[PDB]
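Below are two forms of the same protein chain, given as structure tokens: structure 1, then structure 2.
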Structure 1
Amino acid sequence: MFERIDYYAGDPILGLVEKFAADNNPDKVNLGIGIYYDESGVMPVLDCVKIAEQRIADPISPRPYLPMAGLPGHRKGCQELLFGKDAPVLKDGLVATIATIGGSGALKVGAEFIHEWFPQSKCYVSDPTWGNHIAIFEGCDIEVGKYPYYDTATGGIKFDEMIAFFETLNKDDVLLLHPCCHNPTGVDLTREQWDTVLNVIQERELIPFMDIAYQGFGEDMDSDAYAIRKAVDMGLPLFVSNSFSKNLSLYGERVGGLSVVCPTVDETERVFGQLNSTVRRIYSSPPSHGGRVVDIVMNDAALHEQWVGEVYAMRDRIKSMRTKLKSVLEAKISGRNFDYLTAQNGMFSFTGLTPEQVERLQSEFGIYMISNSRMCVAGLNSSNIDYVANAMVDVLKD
């Protein structure tokens, strides 16, 4: 019956989860999946979340379906975080927002909406990008290409080539953009580069689709949203998918949002209705427990302030690991360049190791990076940094 069905090779990120767990090497280190671990290598339960979950458990309450769009406080939490508290765009009623099944589910609903209402639009992703961007959009029968982004020669952005590429595109083509904390490279546009990009997007009448999953891990909540807020101010038809998986340490509860910025209230109503219709035919409505955690944390000013501080602590630990690893590598290999470790932003660094070097880190040392050279900086701590640096020196020796 099913002999026609290909084996699934497994995902380049998620295929490593079982492998790492199974590995017998006592000095193994997980630098693969983009999860925040603390200084002891443990995933935190945030205090703001622990307080919200105690509230949800007291009393244990009936569990009706949420609205197709999710809880109104979850939607508002996403909007204020992305656009700013009491932003003009929100006061004007010009943003259609739904709660989603993580950032992945937001990308899927956005792609389904684009496939239905803009069937002739093609989507372009950065070279390189998180591979699931391509999987989600191709899975909606949308044609997906790449725009030039990471320059392997400079460790910077091929900015002029990227702009020249955008100038070739058609009205209503979609660009999947990373407003901050680029995945996988950690190489981000400057503010001046954003202003330039968004001007080309406006001129060419392209649709910017910003996917934000590590807000607060770059500079700060407001700075990380610069490109979003700039696009709004320019009047662009912006889609924004956001995830709380990493910044609420709530990966498993599947919490995110999708927002579409519209020119008029009537267009907001049309788009919001169609987002609801799209949700209904994918999963009906989103999960109550994660929605309540988001609602409670984002809308209590005390828990929200506590949460921001917890995110900035995670941000600061990652920054400490970047500096520590760079200083160790610079000492172990005299004169060779590791500036990328402190220049890159967010959860990831792009090490430039070849696929063979990444394979050798795995097989010889039990150190797990993604085959594209991406390393999760949060997997580093005082206990493993020397081991990792020594292994990297060994594999770089070629």
Structure 2
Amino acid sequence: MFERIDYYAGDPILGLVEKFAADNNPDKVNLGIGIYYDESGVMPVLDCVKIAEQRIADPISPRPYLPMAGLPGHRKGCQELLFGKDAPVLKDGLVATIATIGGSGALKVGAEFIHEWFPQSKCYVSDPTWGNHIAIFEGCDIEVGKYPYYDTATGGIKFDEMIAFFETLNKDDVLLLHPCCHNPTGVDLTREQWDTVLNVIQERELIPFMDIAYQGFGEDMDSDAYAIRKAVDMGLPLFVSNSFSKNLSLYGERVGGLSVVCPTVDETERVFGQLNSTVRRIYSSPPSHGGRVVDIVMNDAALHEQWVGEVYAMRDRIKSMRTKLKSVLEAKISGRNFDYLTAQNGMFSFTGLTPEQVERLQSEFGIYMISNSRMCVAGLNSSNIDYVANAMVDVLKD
């Protein structure tokens, strides 16, 4: 019956974790997945989340469906985090926001909405990007291409090329953008680049579709949202998919949001309505448990403040890993430059290791990165840093 159904090759990032469990090298190390681990190498349970879940757990409550859009306070916490507490665009009722099944479900609901209402829009993703952006958009029958971003040769951005490419795009073509903490390269635009990008976006009338899964891991919560809040100020038709997977350490609960910034309240009404309708035909409504945790942490003034501190500890450990690895590597290999390690932002780093050298890391050391050189900096900690730095030094010499 199903003989023609192709095998699924598997998710790239996952068949790699698979491969990692199977290695029995003692000092092995997963730097391949995009998960935050702390100093001891485990996924934190945030204290704020812990309190929120104690509240959810007492009493165990009835479990009716959430609204299609999710919990009002979940959607409000997404909006405030992204646009700023009490931002004008929110006072004006100019953002249609739903809770979504992770940042992944936000991209999906946004792509389905775009596919339906702007069927001629094409989407362009950064070259390179998180592989899933492409499959999600294409899974909607949206035509997907790449804009020039990372410059392999310099490790910076092909800024002029990128802008030049934006200038060829049609009205309402979508650009799928990373406000900060680029994945996979860690190489981010400066504010000035953003202003330039957003000017082109306004001038060409493109749809900016910002995907933010690491807010608070770049510089701080507000700075990381610069490109969003500035698109807002510029009256752009900004779509924002946001994920709480990483900054709430709550991957498995599937908590994110999708927000669409509208010129007028009537358009918010129309967009919001259709967002709900698009939710309905997909999974009907989102998960209560994750919703509540977001609702309670975002809107409880003290848990909110605590959460911000916990996210910033995560942000700083990654920075100190970057700093530590850079100085370790620069002590141990002469005349090589690892500035990229500290110029990059967030969980990811494009190490500039060759696909071959990434192999050597697997085989000779049981250190896993993605073959494109992406490393998850959060996989490094003081117990493994010296073994990883050394394995890198070794591998940078055949």
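Between two forms, the rigid core is defined as the largest C-alpha subset superposing within 1.5 Å. Reference numbering: structure 1, starting with residue 1.
Core superposition gives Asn372 a CA displacement of 1.3 Å between structure 1 and structure 2. The Cα position of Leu206 changes by 0.4 Å between structure 1 and structure 2 once both are aligned on the rigid core. Its Cα shifted by 2.2 Å between structure 1 and structure 2, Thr354 is reported here after superposition on the rigid core.
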